[PDB]
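Below is one structure, written out as C-alpha cells; comments come after it.
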Amino acid sequence: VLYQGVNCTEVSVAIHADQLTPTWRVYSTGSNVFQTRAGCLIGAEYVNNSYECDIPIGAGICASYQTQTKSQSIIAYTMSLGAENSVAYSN
Amino acid sequence: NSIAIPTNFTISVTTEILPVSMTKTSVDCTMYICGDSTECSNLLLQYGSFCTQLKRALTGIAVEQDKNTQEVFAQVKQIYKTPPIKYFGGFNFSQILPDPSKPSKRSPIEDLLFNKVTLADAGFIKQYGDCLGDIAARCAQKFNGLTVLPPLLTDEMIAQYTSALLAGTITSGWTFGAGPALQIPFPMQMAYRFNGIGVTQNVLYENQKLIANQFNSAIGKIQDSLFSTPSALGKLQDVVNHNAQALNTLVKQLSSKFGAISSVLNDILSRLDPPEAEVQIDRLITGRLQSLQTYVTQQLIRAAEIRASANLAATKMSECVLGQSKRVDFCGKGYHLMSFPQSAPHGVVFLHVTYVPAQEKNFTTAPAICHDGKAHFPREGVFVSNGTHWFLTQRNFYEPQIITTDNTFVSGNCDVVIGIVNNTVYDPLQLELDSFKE
Amino acid sequence: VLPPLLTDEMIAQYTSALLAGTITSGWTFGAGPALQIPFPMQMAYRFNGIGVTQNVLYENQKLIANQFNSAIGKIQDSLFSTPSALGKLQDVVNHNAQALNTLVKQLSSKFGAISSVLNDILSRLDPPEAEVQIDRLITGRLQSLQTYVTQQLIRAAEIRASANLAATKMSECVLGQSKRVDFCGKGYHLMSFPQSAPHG
Amino acid sequence: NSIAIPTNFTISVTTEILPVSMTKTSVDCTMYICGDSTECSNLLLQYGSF
Amino acid sequence: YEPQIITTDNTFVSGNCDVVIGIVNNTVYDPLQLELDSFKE
Ligand SMILES: *[C@@H]1O[C@H](CO)[C@@H](O[C@@H]2O[C@H](CO)[C@@H](O[C@@H]3O[C@H](CO)[C@@H](O)[C@H](O)[C@@H]3O)[C@H](O)[C@H]2NC(C)=O)[C@H](O)[C@H]1NC(C)=O
Ligand SMILES: *[C@@H]1O[C@H](CO)[C@@H](O[C@@H]2O[C@H](CO)[C@@H](O[C@@H]3O[C@H](CO)[C@@H](O)[C@H](O)[C@@H]3O)[C@H](O)[C@H]2NC(C)=O)[C@H](O)[C@H]1NC(C)=O
Ligand SMILES: *[C@@H]1O[C@H](CO)[C@@H](O[C@@H]2O[C@H](CO)[C@@H](O)[C@H](O)[C@H]2NC(C)=O)[C@H](O)[C@H]1NC(C)=O
Ligand SMILES: *[C@@H]1O[C@H](CO)[C@@H](O[C@@H]2O[C@H](CO)[C@@H](O)[C@H](O)[C@H]2NC(C)=O)[C@H](O)[C@H]1NC(C)=O
Ligand SMILES: *[C@@H]1O[C@H](CO)[C@@H](O[C@@H]2O[C@H](CO)[C@@H](O)[C@H](O)[C@H]2NC(C)=O)[C@H](O)[C@H]1NC(C)=O
Ligand SMILES: *[C@@H]1O[C@H](CO)[C@@H](O)[C@H](O)[C@H]1NC(C)=O
Ligand SMILES: *[C@@H]1O[C@H](CO)[C@@H](O)[C@H](O)[C@H]1NC(C)=O
Ligand SMILES: *[C@@H]1O[C@H](CO)[C@@H](O)[C@H](O)[C@H]1NC(C)=O
Ligand SMILES: *[C@@H]1O[C@H](CO)[C@@H](O)[C@H](O)[C@H]1NC(C)=O
Ligand SMILES: *[C@@H]1O[C@H](CO)[C@@H](O)[C@H](O)[C@H]1NC(C)=O
C-alpha cells in the first residue's frame with residue numbers, strides 16, 4: 001500500500017492512534033516501511049539490487065514480485081536504466 | 001549563365017525547445033466537492049459516476065505523461081559512457097557532457113536549463129513543509145484535495161538517458177541508433193556526415209582545426225545566449241504557468257457561492273437543518289462539478305497538445321540524434337549534420353549542429369562542355385569559369401578541378417544542349433599512352 | 001472578431017519571397033544565403049536527385065517546359081471549374097460562422113425560464129422569483145459559452161496540427177527536394193510552389 | 001527475369017490545400033449573458049473565474 | 001566488411017600529405033601503370 005504524499009512517521013503515529021479512516025492495516029515489520037518521494041510504501045521490502053521496472057511507483061522507485069533468499073515477496077527498488085556498454089573509442 | 005558557389009562555410013549551432021511532459025495532477029473528488037461532509041457526499045452520489053470518470057481521465061493523463069517521457073528519452077537500450085581521455089579530434093563537448101564534480105551529474109548547459117526554469121508545483125512529500133509560515137499555495141497546498149504526483153523518471157535518470165545518448169552519438173555516430181554501437185574516430189564521423197550533405201570528406205580534413213574551433217565557439221555562444229537571455233526557455237515556462245494557472249483557478253473556485261448563502265459547506269450544515277441544507281449543498285455541488293469538468297476538459301486538451309509535442313520530440317531525437325536527417329529545417333536551419341539532446345524540466349532541448357554556406361562567389365556556368373562533337377555532362381557538381389578557364393566544382397563548396405573524362409560522362413551530340421559551351425575536356429590515359437611510345 | 005496580425009498583402013509578400021527564392025536559388029534558399037543558379041540547372045539537379053540522369057532534362061528541356069506550362073494552365077482551370085476544390089477552407093469558414101450564429105441563437109432560448117428577455121423577467125416578476133429565473137438563464141448562457149469555447153479549443157488543436165503539417169511541407173517541399181513518398185504530391189518529387197489562400 | 005523500364009515521362013502538377021488559421025474571436029461575458037442588466041451581473045458575480 | 005585493394009579508382013586525391021591529421025603511409029595500386037609494365041614486357 002502506497003500512502004501518497006504522507007511521511008511514514010505520520011503514518012505510524014496515525015496507525016498507533018487508530019486515526020486512519022480505512023479500518024484495514026498492512027502488516028508492518030522492520031524494513032517493510034520505505035519512504036519514497038511519492039509517499040510512504042508499506043508492505044514491500046526495499047532492496048539495493050536494481051532491476052527493470054515492473055509496477056511503477058514514482059521518482060525512480062518501482063515494485064515487483066520476486067523470489068528472495070530461499071519465498072516470493074513484493075520488493076521495491078530503484079529502476080535500472082539498462083545494461084552498461086563502454087565503447088572502445090580511440091583515435 | 002551565372003551560378004553562385006560558397007568558397008567558405010560556417011559551423012552553426014542552434015537550439016530547439018520542446019515540451020515533453022506535463023505536471024501530473026490528481027484531484028480528490030470528495031475532498032474538493034464535499035470535504036469531510038457526509039451529507040454532501042450522499043447528495044453527490046445522486047449525480048452518478050462523476051468522480052469515477054474524472055479519476056480515470058486524470059490517471060490516463062498521468063500515465064500518458066510518463067509514456068511521453070519514456071518515448072522521448074528511453075530510445076536507447078544500454079547506458080553508454082565516454083572514454084576517460086575525452087579527446088575527440090579537438091571537438092570540445094565539456095559543456096554538453098556530464099560534469100562529474102557537481103551533484104546529479106548534469107552538464108553545464110543542463111544545469112543552466114534547470115536553474116532558469118521555475119517549477120511552481122514542486123512535487124515532494126508536502127507534509128515536510130508543515131506550517132510556521134504563511135501558506136505557500138503550492139496549487140491547493142494539498143489541503144483542498146489537489147495534489148501533484150512525481151514523475152516515474154527522476155531528473156537524474158533523464159540526465160543519465162541524455163548522457164547515454166550523447167556518448168553513443170559521439171563515439172559511434174549513427175551505428176548505435178540502427179544496431180550495436182560501433183566505435184569510430186569522431187573526425188571520420190564528421191567526414192561521413194560531410195558526405196551526407198554532398199561535401200567531399202577532404203574538406204573536413206584540410207579544415208579540421210577550423211571546424212573544431214567553430215564548433216567550440218558555437219557551443220560557447222549557446223552557453224552565453226542561454227545564460228544571458230531571461231525569456232529563453234519560453235515554451236517550458238509557459239507549460240508550467242498554464243498548469244499553475246489551471247490549479248489556481250480550480251482552487252479559487254471553492255470560494256464561489258454559485259447562488260448559495262455561503263461558500264463554506266460547514267457554515268451551511270451548521271446554520272440550516274437537512275431539508276434546506278440539501279438545496280444549498282446541491283447548488284454548491286453543481287458549481288463544483290462545473291468547475292471540475294471544465295478543468296479536466298482543458299487538461300485533456302493540453303494533454304493532447306503535449307502528446308503531439310512529445311511525439312515530435314521523439315521523432316526529432318530519432319532522426320536528428322540517432323541519424324542524419326535530410327529533411328530541410330526539421331533539425332534546425334542549414335544542412336543537418338547532427339544534434340545533441342539536453343534534459344530540461346518537463347522537456348527536451350536539442351542542440352542542432354549544421355553548416356551555413358558562406359563567402360559565395362558567382363562564376364559563369366554551362367550545362368555541358370562540347371569537345372570533339374560530344375556533349376560532356378558532370379558526374380557530380382557543376383561547371384564553372386573564372387573568366388579564363390573552365391573547371392568542375394562540387395556544388396556546396398568551391399573547389400575547382402580540371403574537367404576530365406573521369407569527372408564527366410558523355411550523352412549525345414553537342415547540338416541538343418541549349419547552353420553548351422565549347423571547351424577542351426582533358427582525356428587521361430591518352431596523354432600517357434603517347435608518352436609511352438612516340 | 002479580431003483581424004490577423006499579418007494582412008493578406010503581407011502573406012502575399014511572403015509567398016512572393018518564397019517563390020522568388022525557390023525559382024532563383026533552388027535548394028540553397030532555405031539553408032544559407034541565396035545562391036543564384038540558372039533554372040534549367042536547378043531542374044537538372046532535381047532530376048539527378050530523383051534518380052534521373054541530368055542529361056535527360058537538357059535533351060528534353062523544351063518538352064519538359066511545355067509539359068510544366070500545360071500542367072499549370074490545367075491547375076488554374078481545375079480550380080476554376082470544380083466548386084469543391086477549396087472545400088477545406090470553406091468548411092473552416094462555415095464552421096466558425098455556424099458556431100457564432102449558434103451562440104447568438106442561444107440567447108433566444110428560455111432554458112426552462114418563463115421568458116428569454118431579462119428585462120421582461122425583472123419587470124413582470126418579484127425579485128425573489130426573478131433571481132431564480134435569471135439564474136436559469138445565466139446557467140444556460142454560461143453553458144452555451146463553455147460549449148463554444150470547448151469546441152473552439154478542439155478546432156484550434158485541429159488547425160494547429162494542420163498548420164504544423166503545412167509548415168513542415170513548406171519547409172521540406174518548397175525549401176528543398178523531399179524524398180518522402182506522397183509527402184509532396186503523387187510521383188517522384190521535383191519541387192513545389194506555395195500560394196496564399198484565405199485562412200490557409 | 002522480366003523488368004519494366006519507362007521510356008517516357010510526364011511532368012505532373014497537383015494541388016494540396018491546408019488550413020493554417022481560423023477566425024480569432026473574443027467574448028464579453030457580461031454583455032452576452034447579462035445584456036446591460038445590473039441584477040444579472042450581480043448574480044453572475046457568484047460564478048467566480050469562469 | 002568486404003576488404004578491397006586500395007587503388008586509384010577506389011580513392012580520390014586532394015592536397016598534400018602534411019595537412020591531414022593521422023594520415024598513414026601505404027601503397028596505392030594504380031591499374032594503368034601495372035598494365036603498362038605488363039604490356040611493355
Ligand atoms: C573545453 O572547454 C572548456 C570550456 O568550455 C575548457 O575549460 C576552460 O579552460 C580554461 C583554461 O584557461 C579556463 O580559463 C580559466 O578561466 C578562469 C575564469 O575565472 C580564470 O580565472 C583562469 O585563470 C583561466 O583563465 C576556463 O574557465 C574553463 N572553463 C570552464 C567552464 O571550465 C576546457 O579546458 C576545454 N578542454 C579542452 C581539452 O580544450
Ligand atoms: C513522350 O511523351 C510526350 C508527350 O507527353 C511526347 O511529346 C508529344 O509528341 C506528340 C507527337 O507524337 C506531339 O503531338 C503533336 O503536337 C503538335 C503541336 O503543334 C501537332 O501539330 C502535331 O500534329 C502533333 O499533334 C505532342 O504535342 C508532344 N507533346 C508535347 C508536350 O510537346 C514525346 O514525343 C514522347 N516521346 C517519346 C520518345 O515517346
Ligand atoms: C583561373 O584559374 C586558373 C587556374 O589557377 C588561373 O591560371 C593559373 O594561375 C596561376 C596563378 O594564380 C598560375 O600559376 C598558373 O600557371 C595558371 N595556369 C593557367 C593554365 O593559366 C587563371 O589565371 C584564373 N583566371 C582568373 C581570371 O582568375
Ligand atoms: C564549337 O566548335 C564547333 C566545331 O569546332 C563549331 O562548329 C562550327 O560552327 C560554325 C557556326 O558557328 C559553323 O559555321 C561550322 O561549320 C561548324 N563546324 C563544325 C565542324 O561543326 C561550333 O560553332 C563551336 N561553337 C562555339 C559556341 O564556338
Ligand atoms: C611517410 O612517408 C614519407 C615519405 O617516405 C615520410 O617522409 C619522410 O620522412 C623521413 C623521416 O622519417 C625524412 O627523412 C624524409 O625526407 C621525408 N620525405 C618526405 C617526402 O616527406 C614520412 O615521415 C612517413 N611518415 C610515417 C609516419 O612513417
Ligand atoms: C545498501 O547498501 C548499503 C551499503 O552501505 C547499506 O548501508 C544499505 O542498508 C543497503 N540497503 C539495502 C536495502 O540493503
Ligand atoms: C589521440 O591523440 C591525442 C593527441 O593529443 C593523444 O593525446 C591521445 O592520447 C590519443 N588517443 C589515444 C587513445 O592514444
Ligand atoms: C573561412 O572563414 C574563417 C572564419 O570564419 C576564416 O578563418 C578562414 O580562413 C576562411 N577560409 C577561407 C578559405 O577564406
Ligand atoms: C518525516 O518526519 C521526520 C520527523 O522527525 C523527519 O525527520 C523526516 O525528514 C520526515 N521525512 C519526510 C519525507 O517528510
Ligand atoms: C555577382 O553578384 C553581384 C551581386 O550584386 C553582381 O553585382 C555581379 O555582377 C555578379 N557577377 C557575376 C559574374 O555574376
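By order in the C-alpha cells, chains are A, B, ...; within a chain, residues start at 1; ligands start at 1, following the order shown.
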Against chain D, which residues of chain B fall within 6 Å? For each one I want the closest pair of atoms and the distance in Å (one decimal), counting only C-alpha atoms, rows by chain and increasing residue number, as CSV.
```
residue,atom,partner,partner_atom,distance
B:256,CA,D:48,CA,5.6
B:257,CA,D:46,CA,5.4
B:258,CA,D:46,CA,5.1
```
Mind writing the picked residues with C-alpha atoms as an mmCIF file, in the first residue's frame?
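What follows is the written file part-v5.cif:
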```cif
data_model
loop_
_atom_site.group_PDB
_atom_site.id
_atom_site.type_symbol
_atom_site.label_atom_id
_atom_site.label_comp_id
_atom_site.auth_asym_id
_atom_site.auth_seq_id
_atom_site.Cartn_x
_atom_site.Cartn_y
_atom_site.Cartn_z
ATOM 1 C CA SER B 256 -17.543 30.976 -5.025
ATOM 2 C CA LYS B 257 -21.139 30.746 -3.817
ATOM 3 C CA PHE B 258 -22.928 29.723 -7.051
#
```
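With a cut-off of 8 Å and using only C-alpha atoms and all ligand atoms, the polymer residues contacting ligand 5 are residues 23, 24 and 25 of chain E.
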I'd like the contact shell of residue 9 (chain B) - 6 Å cut-off, only C-alpha atoms, skipping same-chain residues fewer than 5 positions apart - returned as a ChimeraX atom specification. /B:356-358
Could you take the residues named above and write them with N, CA and C atoms, as a compact mmCIF listing (two decimals), in the first residue's frame?
```
# COMPACT_ATOMS: atom_id res chain seq x y z
N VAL B 356 26.31 26.41 -42.63
CA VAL B 356 25.75 27.52 -43.39
C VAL B 356 26.80 27.89 -44.44
N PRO B 357 26.51 27.80 -45.74
CA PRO B 357 27.49 28.27 -46.73
C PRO B 357 27.81 29.74 -46.51
N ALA B 358 29.06 30.12 -46.79
CA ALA B 358 29.49 31.50 -46.58
C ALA B 358 30.51 31.91 -47.64
```
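Our summary of the geometry notes that CA of residue 208 (chain B) is positioned 12.8 Å from CA of residue 10 (chain B).
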Do you know which residues are within 9 Å of ligand 3 using only C-alpha atoms and all ligand atoms? Can you write them as a PyMOL selection string? chain B and resi 385-391+400
Serialized selection, N, CA, C and O atoms, as a CSV table (one decimal), in the first residue's frame:
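Saved result, part-v6.csv, follows:
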```
chain,number,residue,atom,x,y,z
B,385,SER,N,33.5,28.9,-64.5
B,385,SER,CA,34.6,29.5,-65.2
B,385,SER,C,34.9,30.8,-64.4
B,385,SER,O,34.0,31.5,-63.9
B,386,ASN,N,36.2,31.0,-64.2
B,386,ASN,CA,36.7,32.2,-63.5
B,386,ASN,C,37.0,33.3,-64.5
B,386,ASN,O,37.5,34.4,-64.2
B,387,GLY,N,36.5,33.1,-65.8
B,387,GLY,CA,36.7,34.1,-66.9
B,387,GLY,C,37.8,33.7,-67.9
B,387,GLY,O,37.7,34.2,-69.0
B,388,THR,N,38.7,32.8,-67.6
B,388,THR,CA,39.7,32.3,-68.5
B,388,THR,C,39.7,30.8,-68.7
B,388,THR,O,40.0,30.3,-69.8
B,389,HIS,N,39.3,30.0,-67.7
B,389,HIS,CA,39.4,28.5,-67.7
B,389,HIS,C,38.1,27.9,-67.1
B,389,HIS,O,37.6,28.5,-66.1
B,390,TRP,N,37.7,26.8,-67.7
B,390,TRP,CA,36.6,26.1,-67.2
B,390,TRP,C,37.0,25.0,-66.2
B,390,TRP,O,38.0,24.3,-66.5
B,391,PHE,N,36.3,24.8,-65.1
B,391,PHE,CA,36.6,23.8,-64.1
B,391,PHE,C,35.3,23.1,-63.7
B,391,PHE,O,34.2,23.7,-63.9
B,400,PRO,N,37.9,24.1,-57.4
B,400,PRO,CA,37.9,23.8,-58.9
B,400,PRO,C,38.8,22.6,-59.2
B,400,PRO,O,39.9,22.4,-58.5
```
Return the neighbours of chain A among the residues of chain B, cut-off 10 Å, counting only C-alpha atoms, as a ChimeraX atom specification. /B:66,74,76-89,123-128,142,147-158,160-161,164,167-168,170-172,181-188
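For the pair CA of residue 29 (chain E) and CA of residue 5 (chain E), the interatomic distance is 7.6 Å.
Of note, CA of residue 105 (chain B) and CA of residue 52 (chain A) are spaced 21.8 Å apart.
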Find the spatial neighbours of residue 11 (chain D), counting only C-alpha atoms, within a cut-off of 10 Å - ignore same-chain residues fewer than 2 positions away - and output them as a PyMOL selection string. (chain C and resi 63-71+187-188+190) or (chain D and resi 9+13)
Once you have the residues from the selection above, write them out as a PDB file, in the first residue's frame, restricted to N, CA, C and O atoms.
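Saved to part.pdb:
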```pdb
ATOM      1  N   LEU C  63      10.458  20.011 -74.126  1.00  0.00           N
ATOM      2  CA  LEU C  63       9.303  19.176 -73.820  1.00  0.00           C
ATOM      3  C   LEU C  63       8.904  19.345 -72.362  1.00  0.00           C
ATOM      4  O   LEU C  63       7.717  19.463 -72.040  1.00  0.00           O
ATOM      5  N   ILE C  64       9.892  19.360 -71.468  1.00  0.00           N
ATOM      6  CA  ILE C  64       9.624  19.491 -70.040  1.00  0.00           C
ATOM      7  C   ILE C  64       8.999  20.846 -69.739  1.00  0.00           C
ATOM      8  O   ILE C  64       8.040  20.943 -68.962  1.00  0.00           O
ATOM      9  N   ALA C  65       9.542  21.915 -70.328  1.00  0.00           N
ATOM     10  CA  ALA C  65       8.969  23.239 -70.109  1.00  0.00           C
ATOM     11  C   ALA C  65       7.531  23.308 -70.611  1.00  0.00           C
ATOM     12  O   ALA C  65       6.662  23.899 -69.954  1.00  0.00           O
ATOM     13  N   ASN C  66       7.249  22.675 -71.754  1.00  0.00           N
ATOM     14  CA  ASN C  66       5.889  22.711 -72.283  1.00  0.00           C
ATOM     15  C   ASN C  66       4.938  21.910 -71.404  1.00  0.00           C
ATOM     16  O   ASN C  66       3.801  22.335 -71.165  1.00  0.00           O
ATOM     17  N   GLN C  67       5.395  20.768 -70.882  1.00  0.00           N
ATOM     18  CA  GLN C  67       4.536  19.977 -70.010  1.00  0.00           C
ATOM     19  C   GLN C  67       4.259  20.719 -68.713  1.00  0.00           C
ATOM     20  O   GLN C  67       3.133  20.687 -68.201  1.00  0.00           O
ATOM     21  N   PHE C  68       5.267  21.410 -68.180  1.00  0.00           N
ATOM     22  CA  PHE C  68       5.062  22.201 -66.972  1.00  0.00           C
ATOM     23  C   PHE C  68       4.039  23.304 -67.216  1.00  0.00           C
ATOM     24  O   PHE C  68       3.112  23.492 -66.419  1.00  0.00           O
ATOM     25  N   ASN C  69       4.200  24.052 -68.313  1.00  0.00           N
ATOM     26  CA  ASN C  69       3.293  25.164 -68.582  1.00  0.00           C
ATOM     27  C   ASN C  69       1.867  24.661 -68.780  1.00  0.00           C
ATOM     28  O   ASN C  69       0.901  25.266 -68.283  1.00  0.00           O
ATOM     29  N   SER C  70       1.724  23.518 -69.456  1.00  0.00           N
ATOM     30  CA  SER C  70       0.405  22.938 -69.660  1.00  0.00           C
ATOM     31  C   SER C  70      -0.204  22.532 -68.328  1.00  0.00           C
ATOM     32  O   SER C  70      -1.394  22.761 -68.085  1.00  0.00           O
ATOM     33  N   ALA C  71       0.595  21.903 -67.464  1.00  0.00           N
ATOM     34  CA  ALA C  71       0.095  21.483 -66.161  1.00  0.00           C
ATOM     35  C   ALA C  71      -0.368  22.677 -65.334  1.00  0.00           C
ATOM     36  O   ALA C  71      -1.387  22.596 -64.644  1.00  0.00           O
ATOM     37  N   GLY C 187       3.926  10.901 -57.183  1.00  0.00           N
ATOM     38  CA  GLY C 187       5.017  10.795 -58.129  1.00  0.00           C
ATOM     39  C   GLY C 187       6.331  11.084 -57.435  1.00  0.00           C
ATOM     40  O   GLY C 187       6.404  11.230 -56.212  1.00  0.00           O
ATOM     41  N   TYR C 188       7.388  11.171 -58.235  1.00  0.00           N
ATOM     42  CA  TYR C 188       8.707  11.466 -57.700  1.00  0.00           C
ATOM     43  C   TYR C 188       8.816  12.979 -57.598  1.00  0.00           C
ATOM     44  O   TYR C 188       8.585  13.691 -58.578  1.00  0.00           O
ATOM     45  N   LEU C 190       9.868  16.728 -57.540  1.00  0.00           N
ATOM     46  CA  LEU C 190      10.790  17.689 -58.120  1.00  0.00           C
ATOM     47  C   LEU C 190      10.799  18.988 -57.330  1.00  0.00           C
ATOM     48  O   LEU C 190      11.853  19.403 -56.846  1.00  0.00           O
TER      49      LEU C 190
ATOM     50  N   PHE D   9       8.210  10.083 -69.877  1.00  0.00           N
ATOM     51  CA  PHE D   9       7.818  10.594 -68.577  1.00  0.00           C
ATOM     52  C   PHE D   9       6.833  11.734 -68.760  1.00  0.00           C
ATOM     53  O   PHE D   9       6.721  12.325 -69.837  1.00  0.00           O
ATOM     54  N   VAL D  13       1.535  18.309 -62.110  1.00  0.00           N
ATOM     55  CA  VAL D  13       1.364  19.313 -61.074  1.00  0.00           C
ATOM     56  C   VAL D  13       0.042  19.028 -60.384  1.00  0.00           C
ATOM     57  O   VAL D  13      -0.988  18.881 -61.050  1.00  0.00           O
TER      58      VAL D  13
END
```
Can you check which residues of chain D have any atom within 6 Å of chain C? Use only C-alpha atoms and format it as a PyMOL selection string. chain D and resi 11+13+18-21+24-25+33
Dump N, CA and C atoms for the selected residues as a compact mmCIF listing (two decimals), in the first residue's frame?
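What ended up in result_25.txt:
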```txt
# COMPACT_ATOMS: atom_id res chain seq x y z
N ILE D 11 5.47 15.32 -66.63
CA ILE D 11 5.61 16.28 -65.55
C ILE D 11 4.20 16.59 -65.11
N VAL D 13 1.54 18.31 -62.11
CA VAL D 13 1.36 19.31 -61.07
C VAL D 13 0.04 19.03 -60.38
N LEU D 18 -4.27 23.20 -47.41
CA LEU D 18 -4.25 23.02 -45.96
C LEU D 18 -4.72 24.28 -45.24
N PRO D 19 -5.64 24.17 -44.27
CA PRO D 19 -5.89 25.30 -43.38
C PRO D 19 -4.66 25.62 -42.55
N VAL D 20 -4.45 26.91 -42.28
CA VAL D 20 -3.37 27.37 -41.42
C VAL D 20 -3.91 28.07 -40.18
N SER D 21 -4.98 28.86 -40.32
CA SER D 21 -5.53 29.63 -39.22
C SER D 21 -7.04 29.69 -39.33
N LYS D 24 -10.28 34.59 -35.39
CA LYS D 24 -9.99 34.90 -33.99
C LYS D 24 -11.19 35.63 -33.40
N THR D 25 -11.77 35.09 -32.32
CA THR D 25 -12.94 35.68 -31.69
C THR D 25 -12.64 36.06 -30.24
N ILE D 33 -24.20 37.39 -21.61
CA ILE D 33 -25.10 36.75 -20.66
C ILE D 33 -26.09 37.77 -20.11
```
Got a sec to check which residues lie within 10 Å of ligand 8, using only C-alpha atoms and all ligand atoms, and send them as JSON, numbers by chain? {"B": [7, 8, 9, 10, 11, 207, 210, 211, 213, 214, 358, 359, 398]}
Do you know which residues are within 10 Å of ligand 4 using only C-alpha atoms and all ligand atoms? Can you write them as a ChimeraX atom specification? /B:369-373,414-415,419-423
Take the residues from that selection and put them in a file with N, CA and C atoms, as a PDB file, in the first residue's frame.
```pdb
ATOM      1  N   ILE B 369      29.961  20.724 -71.592  1.00  0.00           N
ATOM      2  CA  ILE B 369      31.142  21.109 -72.355  1.00  0.00           C
ATOM      3  C   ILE B 369      31.175  20.288 -73.637  1.00  0.00           C
ATOM      4  N   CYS B 370      31.380  20.962 -74.768  1.00  0.00           N
ATOM      5  CA  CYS B 370      31.485  20.313 -76.069  1.00  0.00           C
ATOM      6  C   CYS B 370      32.958  20.155 -76.431  1.00  0.00           C
ATOM      7  N   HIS B 371      33.400  18.915 -76.667  1.00  0.00           N
ATOM      8  CA  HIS B 371      34.786  18.684 -77.068  1.00  0.00           C
ATOM      9  C   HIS B 371      34.860  18.309 -78.550  1.00  0.00           C
ATOM     10  N   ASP B 372      35.026  17.025 -78.881  1.00  0.00           N
ATOM     11  CA  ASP B 372      35.072  16.581 -80.279  1.00  0.00           C
ATOM     12  C   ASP B 372      33.678  16.165 -80.756  1.00  0.00           C
ATOM     13  N   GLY B 373      32.749  17.112 -80.691  1.00  0.00           N
ATOM     14  CA  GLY B 373      31.385  16.868 -81.107  1.00  0.00           C
ATOM     15  C   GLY B 373      30.517  16.145 -80.097  1.00  0.00           C
ATOM     16  N   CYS B 414      26.574  17.471 -79.344  1.00  0.00           N
ATOM     17  CA  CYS B 414      26.574  18.832 -78.812  1.00  0.00           C
ATOM     18  C   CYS B 414      25.385  19.682 -79.271  1.00  0.00           C
ATOM     19  N   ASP B 415      24.738  19.337 -80.388  1.00  0.00           N
ATOM     20  CA  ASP B 415      23.644  20.154 -80.911  1.00  0.00           C
ATOM     21  C   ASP B 415      22.384  20.179 -80.044  1.00  0.00           C
ATOM     22  N   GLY B 419      22.579  25.329 -73.856  1.00  0.00           N
ATOM     23  CA  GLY B 419      23.630  26.188 -73.332  1.00  0.00           C
ATOM     24  C   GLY B 419      25.050  25.673 -73.417  1.00  0.00           C
ATOM     25  N   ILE B 420      25.296  24.681 -74.274  1.00  0.00           N
ATOM     26  CA  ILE B 420      26.600  24.033 -74.302  1.00  0.00           C
ATOM     27  C   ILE B 420      27.664  25.034 -74.738  1.00  0.00           C
ATOM     28  N   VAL B 421      28.818  24.995 -74.070  1.00  0.00           N
ATOM     29  CA  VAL B 421      29.927  25.913 -74.319  1.00  0.00           C
ATOM     30  C   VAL B 421      31.126  25.116 -74.814  1.00  0.00           C
ATOM     31  N   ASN B 422      31.758  25.605 -75.877  1.00  0.00           N
ATOM     32  CA  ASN B 422      32.949  24.961 -76.416  1.00  0.00           C
ATOM     33  C   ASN B 422      34.122  25.111 -75.456  1.00  0.00           C
ATOM     34  N   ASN B 423      34.702  23.985 -75.054  1.00  0.00           N
ATOM     35  CA  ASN B 423      35.888  23.990 -74.209  1.00  0.00           C
ATOM     36  C   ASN B 423      36.576  22.645 -74.347  1.00  0.00           C
TER      37      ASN B 423
END
```
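The contact shell of ligand 10, defined as all polymer residues within 6 Å when only C-alpha atoms and all ligand atoms are used, comprises residues 2, 362 and 363 of chain B.
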Collect all residues with atoms no farther than 12 Å from ligand 6, counting only C-alpha atoms and all ligand atoms, and output them as a PyMOL selection string. chain A and resi 30-35+44-50+75-78
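Taking chain A and asking which residues DSSP calls alpha helix (DSSP H) on the backbone, you get residues 8, 9, 10, 11, 12, 13, 14, 15 and 16 of chain A.
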Hey, list the chain E side of the contact with chain B: 9 Å cut-off, only C-alpha atoms, answer as a PyMOL selection string. chain E and resi 13-15+19-21+32+36
